[PDB]
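FYI the Cβ positions are ideal-geometry reconstructions off the backbone, even for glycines, and counts take in every protein chain you see. Bear in mind these aren't lab numbers, they're just calculated from the coordinates by the rules spelled out.
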Amino acid sequence: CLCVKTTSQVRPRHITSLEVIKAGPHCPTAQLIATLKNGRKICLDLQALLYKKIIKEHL
Amino acid sequence: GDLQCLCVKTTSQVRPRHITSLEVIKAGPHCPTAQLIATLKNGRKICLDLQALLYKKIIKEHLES
Amino acid sequence: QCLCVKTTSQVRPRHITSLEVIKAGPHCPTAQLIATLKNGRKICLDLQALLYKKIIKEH
Amino acid sequence: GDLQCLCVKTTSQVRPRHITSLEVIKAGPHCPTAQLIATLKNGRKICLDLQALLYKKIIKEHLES
């Protein structure tokens with residue numbers, strides 16, 4: 001599995017591309033790999049991002 | 001710029017069970033439109049039709065009864 | 001922070017469609033070699049072990 | 001085919017200290033040649049001349065005296 005730790009500390013203006021790799025034998029969860037402007041790739045915590053996007057708006 | 005749009009053809013028929021990865025490449029200097037590149041199990045890479053999928057996944061399923 | 005967790009040398013070069021080198025940085029102190037496989041899965045490569053294997057094969 | 005070559009231009013002038021990542025995209029249905037994509041600190045993506053890079057890094061430095 002490529003992604004071990006996931007962050008929700010990301011600005012959508014910092015992301016140039018997002019790749020979803022579906023779960024498989026080698027890795028049980030989908031991986032959300034965001035490529036940032038600088039070329040760094042990080043793994044996203046989608047639930048945490050959706051939660052923040054819900055809280056920010058009080059829904 | 002140095003780069004162009006990766007996608008020449010867009011496909012509107014794909015079963016998610018064929019797709020092993022999906023890469024959303026945002027519009028930019030390289031391409032004025034966002035691109036969705038699906039990698040399938042057989043290894044073939046295709047581009048998915050973004051408007052058609054937005055229709056299916058959002059308009060038809062959440063705004064249409 | 002670091003995309004690659006464990007590195008492998010168990011890969012056939014023609015299983016690989018792309019290879020990305022991400023230089024070391026503040027978020028990840030080591031350079032990373034990420035191979036994208038035909039199926040779309042990403043793995044991290046141990047370059048040293050790969051070269052070693054490729055010289056053993058030829059002695 | 002469904003995809004094409006990402007690189008329209010290749011650049012032969014780059015200071016490696018500007019490069020934060022390098023991607024080699026192997027030749028395939030999408031492109032008859034391998035492409036080398038450099039991402040720089042500022043976020044600019046350029047394509048490197050892989051032929052010149054191979055010349056320099058293999059021919060000039062290991063086959064030429």
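Look at D:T10 and say whether it is touching a helix residue (DSSP H, G or I) at 6+ places or on another chain (Cβ under 9 Å) and polar (S, T, N, Q). Explain how you work it out, then say what you get.
Values: touching a helix residue (DSSP H, G or I) at 6+ places or on another chain (Cβ under 9 Å): yes; polar (S, T, N, Q): yes.
Yes.
In the set B:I58, B:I37, which member is surrounded by 18 or more Cβ atoms within 10 Å (Cβ to Cβ) and either within 14 Å of chain C (Cβ to nearest Cβ) or of a type outside the set (S, T, Y) (or both)? Spell out the reasoning first.
Numbers: B:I58 fails: surrounded by 18 or more Cβ atoms within 10 Å (Cβ to Cβ).
After ruling out the rest, the residue left standing is B:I37.
Tell me which residues, restricted to the range C:9-58, are touching a residue at least 40 places away in the same chain (Cβ under 8 Å) and under 11 Å from the mean Cα position of the chain (by Cα). Hits for the range C:9-58 are C:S9, C:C44, C:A49, C:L50.
Quick check on my filter: what residues within the range B:1-18 are assigned to a loop (DSSP other than H, G, I, E, B) and either on the phi > 0 side of the Ramachandran plot or free of Cβ contacts under 8 Å to residues at least 40 places away in the same chain (or both)? Listed by number, the residues that qualify are B:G1, B:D2, B:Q4, B:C5, B:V8, B:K9, B:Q13, B:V14, B:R15, B:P16, B:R17, B:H18.
Of everything in the range B:17-34 that's more than 12 Å from the chain's Cα centre (by Cα) and over 18 Å from D:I37 (Cα atoms), which residue is surrounded by the most Cβ atoms within 10 Å (Cβ to Cβ)?
Let us first name the residues in the range B:17-34 that are more than 12 Å from the chain's Cα centre (by Cα), namely B:17-18, B:20, B:27-32.
Next, only the ones that are over 18 Å from D:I37 (Cα atoms) stay: B:17-18, B:20, B:32.
Numbers: B:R17: 9, B:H18: 13, B:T20: 21, B:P32: 8.
Among those that are more than 12 Å from the chain's Cα centre (by Cα) and over 18 Å from D:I37 (Cα atoms), it is B:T20.
Listed by position, the strands (runs of 3 or more DSSP E) inside the range C:4-47 whose residues that are within 14 Å of chain B (Cβ to nearest Cβ) and of a type in the set (K, R) number at least 1 are C:42-44.
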